[PDB]
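Q:
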Amino acid sequence: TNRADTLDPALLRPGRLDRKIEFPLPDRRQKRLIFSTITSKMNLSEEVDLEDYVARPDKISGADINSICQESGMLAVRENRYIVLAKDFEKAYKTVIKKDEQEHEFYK
Amino acid sequence: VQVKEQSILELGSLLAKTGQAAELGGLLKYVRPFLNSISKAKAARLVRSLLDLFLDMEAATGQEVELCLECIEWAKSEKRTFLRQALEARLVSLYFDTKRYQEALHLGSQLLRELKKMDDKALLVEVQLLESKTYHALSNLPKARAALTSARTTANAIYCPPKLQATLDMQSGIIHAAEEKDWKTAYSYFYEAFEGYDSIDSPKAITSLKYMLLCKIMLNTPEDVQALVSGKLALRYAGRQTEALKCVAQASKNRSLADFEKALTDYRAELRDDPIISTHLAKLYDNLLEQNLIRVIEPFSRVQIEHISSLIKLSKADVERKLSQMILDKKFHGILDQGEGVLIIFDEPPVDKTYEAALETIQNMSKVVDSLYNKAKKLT
Amino acid sequence: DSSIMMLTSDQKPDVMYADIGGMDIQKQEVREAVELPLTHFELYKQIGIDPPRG
Amino acid sequence: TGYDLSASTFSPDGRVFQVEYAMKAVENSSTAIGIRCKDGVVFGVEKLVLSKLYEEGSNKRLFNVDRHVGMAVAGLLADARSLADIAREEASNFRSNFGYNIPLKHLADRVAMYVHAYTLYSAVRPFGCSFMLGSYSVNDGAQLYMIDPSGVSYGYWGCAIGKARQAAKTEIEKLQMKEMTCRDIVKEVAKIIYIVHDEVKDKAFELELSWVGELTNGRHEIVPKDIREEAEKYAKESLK
Amino acid sequence: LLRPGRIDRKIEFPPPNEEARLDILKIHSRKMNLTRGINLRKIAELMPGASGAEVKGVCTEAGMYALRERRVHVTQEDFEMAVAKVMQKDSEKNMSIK
Amino acid sequence: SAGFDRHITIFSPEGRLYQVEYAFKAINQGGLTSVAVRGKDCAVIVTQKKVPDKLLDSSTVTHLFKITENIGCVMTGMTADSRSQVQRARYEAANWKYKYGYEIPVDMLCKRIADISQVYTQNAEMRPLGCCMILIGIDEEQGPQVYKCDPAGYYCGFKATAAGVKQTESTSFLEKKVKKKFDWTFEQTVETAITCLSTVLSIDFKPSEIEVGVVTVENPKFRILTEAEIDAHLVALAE
Amino acid sequence: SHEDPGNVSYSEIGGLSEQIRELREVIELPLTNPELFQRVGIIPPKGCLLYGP
Amino acid sequence: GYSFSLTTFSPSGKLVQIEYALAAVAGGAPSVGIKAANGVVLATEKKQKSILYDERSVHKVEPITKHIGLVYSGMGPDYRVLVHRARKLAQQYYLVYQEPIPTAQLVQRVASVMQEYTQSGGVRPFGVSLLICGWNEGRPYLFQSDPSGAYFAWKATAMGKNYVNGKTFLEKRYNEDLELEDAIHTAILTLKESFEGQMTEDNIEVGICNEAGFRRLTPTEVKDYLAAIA
Amino acid sequence: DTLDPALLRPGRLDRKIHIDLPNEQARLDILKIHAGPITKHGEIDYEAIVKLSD
């Protein structure tokens, strides 16, 4: 499921379902690794760094990466070129993030 | 004092550039009270700068493990923990430098006594990845898989303060290459290693091209092997091993097995660096299977003299003891006839009618035996 | 039927195992949960672990 | 909304509803406009009799703070009276401490800080007023200012405060403001007040016109509107 | 509800003490496949007080620690890792205050 | 989360407080863009106006506020907080000049404004001044300075500086732009400021919209540019 | 299915020329010419959400 | 919805608007401090958000007197207020006694200040935990305080992200007897253990406390030392 | 705002496409689209109508 509220405690029993395993949200390095996996399929103009957008927190879910990549790729289709520049990721960040953001650097 | 700290590096650099073995070894034995004098913080820098750059001068086997033993002596004399572990790593590297059978692993069994309790998690795989090398060196495949898995679950806590990602990616490609199942992802790992090998790691990038293009020949796309030796950075990092890659690439591009054999044996001294020559003789083999298939169908079109050992290419004084070896060892029901032409392969696999009945009678005789007890007992 | 039955052939989602990016905990944990009782159930039984049903 | 109670709290989108509710409170008040000429500033307020109970000369929203500065308020009346008193007090202090007439920008900044401080704290509400400030000086010319309930105070040539805020400045901007003397601008303000809301929602209104500039030699006072009677003999010609 | 003519014997429940944690450990560990050569009182003095079913998790995940090293025998170092696994229940100081 | 409805300034669980980080977009209710540039011995401010009206003036709309004869600044956010912070900065710079006998350095003023905002933040029951202030100034033996003051009370100061509404993009462009080690001979600075705002907004507009605030080590007086020289620079960067 | 009545095309609406072009780019192009979206090698978007006042 | 605010206890436990302040402290930047035999070394972890920021403006290692260093792990705008308080208070001590104030006395009075701010009920407490050290009367000291007004005395401790991991490393690696340089080495080690790896002369900022006095080190000697110190 | 986050993720619905109220030129465009087949005379200040349109 996604919701762990509407479940009878008679279901989550020893012998029935022993383990309780969540899929939490990623962090800064897992998003780097996810980006390294997903961006291997596009052609990727190789002096565009994506780690500097992982510097923007937090709040990326795993389903959002491929949609960001689709926004970038179809924008490059509108560019009529197979080449993945940084402005594609600019429009992708500005479109698929999806309030809120400022972000921060106060009080650390 | 501190002005002599740089002077140790200066004279040791002279002894490494132009000086010789016993002089710098005498300097390593000479600066042993000097470390007792100077502050123990930069002592590890002194140990590294002397030991590593002495062992990277020249193979002199009467001194390498002997000075490693001296470092063992002093590390178990002054008895500090943080310094001796680099000596441990260097010694097990030196043991791997002749592919030692057990004592490298016996030392790794001491490395597991220290590192897995402490905090420096990269220093663990700094020797565990070497153990992942040596379990390929003895071909312990699942334990090398476990060591690679330990490396992967290790390296997601550490940013990149030394270069360690590319070495891990390369040997990940090595373990994915001992499988010989998946090659495109392994090629991606070698390519990522190569991305981590740009202009700072030439003794590894000299064979990174070897590994990636041996993989792409193993991927059997010689068009892209030609197009990526036409790649700009491979032409930046060219040599004679790229001549090996290009010649074997053309040899598999056109399947001239004579070209394969000739250009293969031309560069044997660089062919040693791929101990998987089973790839090469299996391109020979795994081509020769369908070669004998296309040369086993023409046997009923017009076969020529000596139907079994003059039909093939017949190159360089009896190219057989391979075909006959694959009727001996292996099989396709290819029985020999010296006087047919077709070397007739015919058979009838389903004869299970007699098989399953024989398997029944085997157990039915046992059932008769196990009824004989009742028989001989109920009368008298 | 199990609604066709067991998908029978090739109706996989066709996702590689390394395609999941950077999940040590998740992949290793569920590997212990399901993918390890696929093979080493005869190591499970002799200890008395009782690996979970689901 | 909810989240709208105290004036010190913010909203989850980041604005203050107390300031906004104080702003659109003056929207329901009477229409008050202003426009300057090349040598003076003219005020004018659409003022209404309730039914038959007024006296035509009571509670005039055209105040007069200084010798050359007066207000043209709109909104809550008593709050405007209090703010007028604070303006009179500040002009008195400047006259006491510096010995000459207050410049209008400095006065507007002090009043804007007073408004802003009454927007800051939680024990008090923001003001429910919006007003004009006009002036004239022989070394400074005409300056016409404008103060919101928040405290943003800056200058115009023309303004309108009331219901028909947009609907007045629709045709204030087609006035040729620079080349005209303010005696023409008198009947201009007359026709502007007279065009909007003759009889529609209410029954009757009444006109006041304040007046400062070079013709008054630095004085600020209500016109003798009855003298030269500029509205009605033009108002009866402005219905066609 | 706690009128004395309605409820009589309010019986407290203690946290498991050192020998009590030892006995809980011996029960929840006795039926497993140990290493020939083991101690239990050290493990019992590692815990500053667990629940009842945390010690069971200690034992079973120590068996998991044995099986991830391809063994069926449970040394003390499996318990040394399992104590740290359950230790994430409570840590976190600069909270002594009190 | 909230949960606590974040009404007053208290600590919410894990671990933050929400009032000040709601005030971080009280700047974003301004609808404005501000850019500061420090490359060499000059320092450049640029910020547009939003004037739709012909009845509204043009001189009184400036957000470049001269603090002192060697310190100017620029404001965003809502105007009342901005003007109040400006009069406080003016008053405290005058107090410095009275007490300590010399012209204040630009850093100490930022420290004092940050302290005022923190005191308004530390104690409750007062709205915590949702406006951001950017300062510039020349100091002896240090060249030029740019500083930024938060409503949060976190002052900082650095070379290429921007705050307002659209400055995630402006800081991205200045990351891509101040990485090459070129010199900044003051028309380089004017060109980078005008073109960075002209890439964020992408309008390429008249000289009547932006105000340009400069200070230079040849005349340490703060200086506001005129329409003619703004047009001169604009057609000088027109290629 | 059958009960689509007649209508005037997308020149009738207006003032929202971003969304018109954008919906065209996200729908009509990966159904008329999928190879523009395959040469890149990126899966086309499936679902589109219109929202607003 | 309770506690809320500062005037009442819980039904059984402790003060929630102190526990959350400690939580915001623990959500702060990492730092480490080690008391050696001859000196005490403080060091922080200071990453700029962008490459735009300047590293000669804001300073984490801050002297209170010529022989007292002080760092934090928390929120700078409150950090400056309490530092300025400690400055004025130490100067009042030097007015009264004409003698440099001992670090225990600073900790007494700064702790009283912070406890006064935790008194009910109109202000929040600080989001600031301190690390106070100095070489007073030969023996150096190391004093960590907290937003609750309390204080401690450590041999070595840490504050910020992954402080438990840094504490296990300081328990493992550090010991009683080292020198100033060895303390510097293990301090940079435990800082690099939990930080990001891109660590230069600017991402860290180190102040030491000799018996000759406080010393706030420069990026020159930092890059002289931290250029692959191990 | 009332949708389920189960439906709100990408993959199912990829790109959120937002429409808002017309601007001045946009109000001009819709007004002159509607004012096409309407019997009137050449007097229409469209700028006045769009100006009061808000």
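Protein chains in written order, with the deposited numbering: chain A, 311 to 418; chain B, 43 to 422; chain C, 148 to 201; chain D, 5 to 244; chain E, 305 to 402; chain F, 6 to 244; chain G, 123 to 175; chain H, 5 to 234; chain I, 283 to 336.
Backbone N, C-alpha and C fix where the C-beta goes; we use that ideal spot for every residue, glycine too.
1. Would a check of beta-carbon distances place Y392 (chain A) closer than 8 Å to chain H?
2. Considering only residues of the stretch 314 to 392 of chain A, which uninterrupted alpha helix (DSSP H) runs meet the minimum length of 4 residues and lie entirely inside it, listed in chain order?
3. Rounded to whole angstroms, what is the Cα-Cα separation between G222 (chain D) and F135 (chain D)?
4. Taking a contact to mean a Cβ-Cβ separation below 8 Å, would you say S149 (chain H) touches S133 (chain H) in this structure?
5. Helix, strand or coil for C78 (chain F) per DSSP?
6. Tell me the DSSP secondary structure of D89 (chain D) in three-state form.
7. Would you be able to state if there are at least three C-beta pairs under 8 Å between the stretch 317 to 333 of chain I and the stretch 61 to 75 of chain B?
8. Taking 8 Å as the threshold (beta carbon to beta carbon), is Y57 (chain H) in contact with chain F?
9. With a 10 Å radius around its C-beta and 16 neighbouring C-beta atoms as the bar for buried, classify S139 (chain D) as buried or exposed.
10. Going by CA-CA distance only, name the one from B:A189, B:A311, B:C202 and B:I200 that's closest to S214 (chain B).
11. What does a CB cutoff of less than 6 Å around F156 (chain H) pick up in its chain, not counting 5 residues either side in sequence?
12. Whole angstroms are fine: how far does the CA of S174 (chain B) sit from the CA of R372 (chain E)?
13. Kindly provide the ranges of any alpha helix (DSSP H) runs that are 4 or more residues long and lie completely inside the stretch 117 to 188 of chain F, ordered along the chain.
14. Quick check on the burial criterion: 16 or more other C-beta atoms within 10 angstroms. Buried or exposed for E192 (chain D)?
15. DSSP three-state label for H72 (chain D), please.
16. Please tell me whether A180 (chain C) has its Cβ less than 8 Å away from any Cβ of chain B.
17. Drop a sphere of 10 angstroms on the beta-carbon of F67 (chain D), count the other beta-carbons inside from all chains shown, and report buried for 16 or more, exposed for fewer.
18. Touch check for the stretch 109 to 127 of chain D and the stretch 149 to 163 of chain D: three-plus C-beta pairs under 8 Å?
19. Around the C-beta of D283 (chain I), are 16 or more other C-beta atoms found within 10 angstroms, so that it is buried, or is it exposed?
20. Are the beta-carbon atoms belonging to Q147 (chain F) and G44 (chain F) less than 8 Å from one another?
21. Using CA coordinates, which residue listed in H:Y6, H:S14, H:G43 and H:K50 is at the minimum distance from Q202 (chain H)?
22. Hey, quick one: how far does the beta strand (DSSP E) through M181 (chain D) stretch, first residue to last?
23. Quick one: is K173 (chain D) near chain F, going by C-beta distance under 8 Å?
24. Rounded to a whole number of angstroms, what is the C-alpha to C-alpha distance between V114 (chain H) and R220 (chain H)?
25. Pull out every residue of the stretch 16 to 37 of chain F whose Cβ sits closer than 9 Å to any Cβ of chain H, in chain order.
26. Measure the CB-CB distance between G217 (chain H) and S198 (chain H) and report whether it falls below 8 Å.
27. Step through the CB atoms of chain K and report whether any lies within less than 8 Å of the CB of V66 (chain F).
28. Ends of the beta strand (DSSP E) at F47 (chain D)?
29. Quick check: what's the CA-CA separation for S89 (chain F) versus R95 (chain F)?
30. Measuring alpha carbon to alpha carbon, tell me which of B:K288, B:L401, B:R194 and B:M212 ends up nearest residue 202 (chain C).
31. Below 7 Å CB to CB, which residues in the same chain sit around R345 (chain E) once its five sequence neighbours on both sides are set aside?
32. Go to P67 (chain H), then tell me how far its beta strand (DSSP E) extends in each direction, as first and last residue.
33. For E174 (chain F), which residues in the same chain have their Cβ closer than 6 Å to its Cβ, ignoring the five residues on either side in sequence?
34. Is it the case that the stretch 378 to 394 of chain E contacts the stretch 332 to 351 of chain E, given that we only count it when at least three CB pairs across the two stretches are under 8 Å?
35. Provide the residue span of the beta strand (DSSP E) that contains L183 (chain C), from first to last.
36. Take every Cβ of the stretch 174 to 185 of chain F, pair it with every Cβ of the stretch 8 to 18 of chain F, and state whether three or more of those distances are shorter than 8 Å.
A: The answer reads as follows:
1. no
2. 338 to 348, 361 to 364 and 372 to 388
3. 21 Å
4. For the 8 Å CB-CB criterion, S149 (chain H) and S133 (chain H) form a contact.
5. strand
6. helix
7. no
8. yes
9. buried
10. B:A189
11. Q148
12. In this structure, the CA atom of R372 (chain E) is about 17 Å from the CA atom of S174 (chain B).
13. Fully enclosed alpha helix (DSSP H) runs of 4 or longer: 172 to 182.
14. buried
15. Residue state, collapsed to three classes: coil.
16. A180 (chain C) does not count as touching chain B.
17. buried
18. Output reads yes: the stretch 149 to 163 of chain D touches the stretch 109 to 127 of chain D.
19. Counting Cβ neighbours within 10 Å, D283 (chain I) comes out exposed, since fewer than 16 surround it.
20. no
21. H:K50
22. Per DSSP, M181 (chain D) belongs to no beta strand (DSSP E) and is neither H nor E.
23. yes
24. Their backbone Cα atoms lie some 22 Å apart in a straight line.
25. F16, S17, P18, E19, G20, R21 and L22
26. no
27. In summary, chain K is missing from the structure at hand, where the protein chains are A, B, C, D, E, F, G, H and I.
28. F47 (chain D) -> beta strand (DSSP E) spans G44 to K51.
29. 10 Å
30. Residue 202 (chain C) lies beyond the residue range present for chain C, which begins at 148 and ends at 201; the question has no answer from this structure.
31. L326
32. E66 to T69
33. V205
34. yes
35. It is not in any beta strand (DSSP E) - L183 (chain C) carries neither H nor E in the DSSP assignment.
36. The stretch 174 to 185 of chain F, when compared against the stretch 8 to 18 of chain F, does not touch it at the 8 Å Cβ threshold.
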